[PDB]
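Notes to accompany the following structure.
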Amino acid sequence: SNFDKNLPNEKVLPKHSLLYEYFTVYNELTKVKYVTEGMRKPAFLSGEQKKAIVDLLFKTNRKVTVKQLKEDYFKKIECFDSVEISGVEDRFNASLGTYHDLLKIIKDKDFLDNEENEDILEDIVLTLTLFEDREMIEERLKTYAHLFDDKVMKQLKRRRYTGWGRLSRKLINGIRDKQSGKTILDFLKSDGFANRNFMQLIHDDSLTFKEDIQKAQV
């Protein structure tokens, strides 16, 4: 029913898709800037810093505050003395809410952290977004009975997600830049010292995302 304006034949992701949530977290993190002693100008987070922040803070807290970023990552892990932060205010807006929802139900961190389970997790969230009938949810989710016992299934089949996102899975982690082979989400995760965000990536004449989006139009 709802199609991605960038790729008009692709349907949009559920609002609570965990892939969509990771997109929002990395899009926000890639424009964070910091300054510590000895620096003459603020710097962007590196790909390694962004990954560590996601693993250490966003996977352990529904909401991440700037104080946690300063104390529990920059001081604790990077051993900075002091740090000033820009590009985020008070607390990060983005959240891996669905990571925490599913981790509480499934109680298997390794399952949630394993990106090879992406298709299963996206299918679960889509099912819980499309249907409000317990029986119709279980009819679709029982294909995963070999992974989830009846305690997990009883909880999942009563859960509901509402709302649609604005972007398709093919746009955010499908189309590849011609020269590099990287998806948009790949660039949000790591983009050298340029740290282009989503709006920059799809308007950048030195990449091919803009060209792909124009070709996808009528």
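Convention: chains lettered A, B, ... in structure tokens order; per-chain residue numbering from 1; ligands numbered from 1 as shown.
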Find the spatial neighbours of residue A:144, counting only C-alpha atoms, within a cut-off of 10 Å - ignore same-chain residues fewer than 3 positions away - and output them as a PyMOL selection string.
chain A and resi 120+124+138+140-141+147-149+153
What would the file look like if the residues just selected were written as an mmCIF file, in the first residue's frame with N, CA and C atoms?
data_model
loop_
_atom_site.group_PDB
_atom_site.id
_atom_site.type_symbol
_atom_site.label_atom_id
_atom_site.label_comp_id
_atom_site.auth_asym_id
_atom_site.auth_seq_id
_atom_site.Cartn_x
_atom_site.Cartn_y
_atom_site.Cartn_z
ATOM 1 N N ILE A 120 14.784 -13.392 9.068
ATOM 2 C CA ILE A 120 13.804 -13.894 10.035
ATOM 3 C C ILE A 120 13.231 -12.742 10.856
ATOM 4 N N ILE A 124 9.351 -11.475 11.058
ATOM 5 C CA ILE A 124 8.576 -11.419 12.291
ATOM 6 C C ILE A 124 7.932 -10.048 12.458
ATOM 7 N N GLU A 138 0.194 -16.692 14.368
ATOM 8 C CA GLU A 138 0.818 -17.986 14.617
ATOM 9 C C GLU A 138 0.891 -18.835 13.347
ATOM 10 N N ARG A 140 1.592 -17.866 10.486
ATOM 11 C CA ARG A 140 2.760 -17.453 9.729
ATOM 12 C C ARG A 140 4.048 -17.700 10.505
ATOM 13 N N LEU A 141 4.044 -17.452 11.814
ATOM 14 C CA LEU A 141 5.278 -17.583 12.575
ATOM 15 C C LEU A 141 5.637 -19.028 12.899
ATOM 16 N N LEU A 147 13.094 -22.887 15.601
ATOM 17 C CA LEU A 147 13.965 -21.944 16.303
ATOM 18 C C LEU A 147 13.420 -21.490 17.650
ATOM 19 N N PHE A 148 12.102 -21.351 17.783
ATOM 20 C CA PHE A 148 11.486 -20.717 18.945
ATOM 21 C C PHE A 148 10.544 -21.702 19.621
ATOM 22 N N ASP A 149 10.726 -21.909 20.927
ATOM 23 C CA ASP A 149 9.867 -22.846 21.636
ATOM 24 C C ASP A 149 8.508 -22.202 21.909
ATOM 25 N N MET A 153 6.816 -18.509 21.367
ATOM 26 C CA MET A 153 5.738 -18.325 20.400
ATOM 27 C C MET A 153 4.503 -17.718 21.050
#
Contacts of residue A:132 at 10 Å or less, counting only C-alpha atoms, minus same-chain residues fewer than 5 places along, as JSON, numbers by chain?
{"A": [127, 137, 157, 158, 159, 160, 161, 162]}
Please, which residues of stretch 3-216 of chain A, numbered as in this document, come out alpha helix (DSSP H) from DSSP, as a ChimeraX atom specification?
/A:18-29,47-53,66-68,97-106,109-113,118-130,134-141,150-156,169-173,184-189,198-201,209-216
Run DSSP on the backbone and tell me which residues of stretch 18-178 of chain A come out as strand (DSSP E); list them as a ChimeraX atom specification.
/A:33-35,43-44,84-86
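Closest approach to residue A:150 among A:83, A:18, A:106, A:39: A:106, based on only C-alpha atoms.
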Write out as a ChimeraX atom specification each polymer residue whose atoms come within 9 Å of stretch 196-210 of chain A, counting only C-alpha atoms; drop sequence neighbours fewer than 3 positions from it.
/A:26-28,30-31,171-172,175-180,183-185,187-188,191,193,213-215
Extract, using only C-alpha atoms, all DNA, RNA and protein residues at most 9 Å from residue A:16, discarding same-chain residues fewer than 3 positions from it, and format them as a list in words.
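Listing them by chain and then by number gives residues 13, 19, 20, 21, 96, 97, 98, 125, 126, 129, 161, 162, 163, 164 and 165 of chain A.
Pairwise distance (atom CA of residue A:186, atom CA of residue A:5) equals 20.8 Å.
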Skipping near chain neighbours, those fewer than 2 positions away, what residues fall within 10 Å of residue A:88 using only C-alpha atoms, listed as a count of residues only?
13
Which residues are close to residue A:69, i.e. within 8 Å by only C-alpha atoms, leaving aside same-chain residues fewer than 4 positions away? Reply as a CSV table (one decimal) with N, CA, C and O atoms, in the first residue's frame.
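Dumped to selection10.csv:
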chain,number,residue,atom,x,y,z
A,53,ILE,N,30.0,2.1,19.8
A,53,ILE,CA,28.9,2.8,20.5
A,53,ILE,C,27.6,2.0,20.3
A,53,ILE,O,26.8,1.9,21.3
A,57,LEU,N,26.4,0.7,23.9
A,57,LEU,CA,25.3,1.6,24.4
A,57,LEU,C,23.9,1.3,23.8
A,57,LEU,O,23.0,1.2,24.6
A,64,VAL,N,19.9,6.3,24.7
A,64,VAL,CA,21.3,6.6,25.0
A,64,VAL,C,21.4,8.1,25.2
A,64,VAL,O,21.1,8.9,24.4
A,65,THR,N,21.9,8.5,26.4
A,65,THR,CA,22.1,9.9,26.7
A,65,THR,C,23.5,10.3,26.3
A,65,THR,O,24.4,9.5,26.1
A,73,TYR,N,31.6,5.7,27.1
A,73,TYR,CA,32.4,5.3,25.9
A,73,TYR,C,33.7,6.2,25.8
A,73,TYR,O,34.7,5.6,25.8
A,74,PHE,N,33.6,7.5,25.7
A,74,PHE,CA,34.8,8.3,25.5
A,74,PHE,C,35.8,8.2,26.6
A,74,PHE,O,37.0,8.0,26.4
Atom CA of residue A:44 to atom CA of residue A:110, straight-line distance in Å:
29.6 Å
Could you jot down the atom CA of residue A:1 to atom CA of residue A:14 separation for me, Å, one decimal place?
11.7 Å
